[PDB]
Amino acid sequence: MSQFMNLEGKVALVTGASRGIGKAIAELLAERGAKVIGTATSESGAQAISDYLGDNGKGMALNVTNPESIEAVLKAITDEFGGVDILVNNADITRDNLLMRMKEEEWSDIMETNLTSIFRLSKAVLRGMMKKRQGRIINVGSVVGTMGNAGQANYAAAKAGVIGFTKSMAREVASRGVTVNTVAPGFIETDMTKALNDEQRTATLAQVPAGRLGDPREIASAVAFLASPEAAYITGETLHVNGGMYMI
């Protein structure tokens, strides 16, 4: 409504927008005036995204580990909406195991889906942003990228790698008005964390000074803040939203 934190005129691509954090992000960006394209791995997922976004955007199937899919999706977005102004890299997976039990495929799937995809998508949207001298790339990371976590050495490596990538990209494109940042959630209430048993939830909560889980809307708010015109002077930064679980 006001000129504050106003994304009217911006086209936002949010990967993994079916539920939880990704859905919260897509919804808030739309609320702040962005035209939003949210993605899912399946066509039915894409249609559910189209359904909740309505006139403020649409859902598309995207395979974030596949070049042709990325090419097809960006072409469709450029044609209907104009080029992507805001990229939110939210799609990620876990393949947890202690290192002695971690399979080669569990390592590689994480590298592919959680790190390499960020290279590929970021590169694919950057040309347009640099031509316009205006852009936002926001990665959805994790506290685990900074703190480490036993049983998630793969996930941690990928998330930490994304921050290395982010800082380097930030340096490359800052003078052309593109910012590149990471939002790092702590323990956030999703269907996945609701699947944990009571002892696991208590143990995890014991490490959160705030004494609760984060809401997906809280991660969305941080992403919407960095996406805004007002955040033009923030780049190469990692915004920690973890209820005090880790303090840098």
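In case it trips you up, residue 1 is the first one in the sequence shown, and so on.
K.L.:
With reference to the PDB entry, specify whether the mean Cα temperature factor is higher for 62-70 or for 211-219.
P.N.:
In the deposited entry, the stretch with the higher C-alpha B-factor mean is 62-70.
K.L.:
Tell me which stretch has the larger mean Cα B-factor in this entry, 47-55 or 31-39.
P.N.:
So the stretch with the higher mean C-alpha B-factor is 47-55.
K.L.:
Among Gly151, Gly164, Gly135, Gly82, where is the Cα B factor highest in this entry?
P.N.:
Answer, based on the entry's C-alpha B-factors: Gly82.
K.L.:
Just to confirm, going by the entry's C-alpha B-factors, which of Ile110, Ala174, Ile118, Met130 comes out highest?
P.N.:
In the PDB entry, the greatest C-alpha B-factor among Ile110, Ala174, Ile118, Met130 is found at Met130.
K.L.:
Place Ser142 in the lowest, middle or highest third of its chain's C-alpha B-factors, as listed in the PDB entry.
P.N.:
Its C-alpha B-factor, which the entry lists for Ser142, ranks in the lowest third among residues of this chain.
K.L.:
Just say lowest, middle or highest third for the CA B-factor of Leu196 relative to the other modelled residues in its chain.
P.N.:
Top third by C-alpha B-factor.
K.L.:
Looking at the temperature factor on the CA atom of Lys123, which third of the chain's modelled residues does it land in?
P.N.:
Tercile = middle for this residue's CA B-factor.
K.L.:
Splitting the chain's C-alpha B-factors into thirds, which one does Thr78 fall into?
P.N.:
Its C-alpha B-factor, which the entry lists for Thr78, ranks in the highest third among residues of this chain.
K.L.:
Compare the C-alpha B factor of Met1 with those of the other modelled residues in its chain, then answer lowest, middle or highest third.
P.N.:
For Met1, whose C-alpha B-factor we compare with every modelled residue in the chain, the answer is the highest third.
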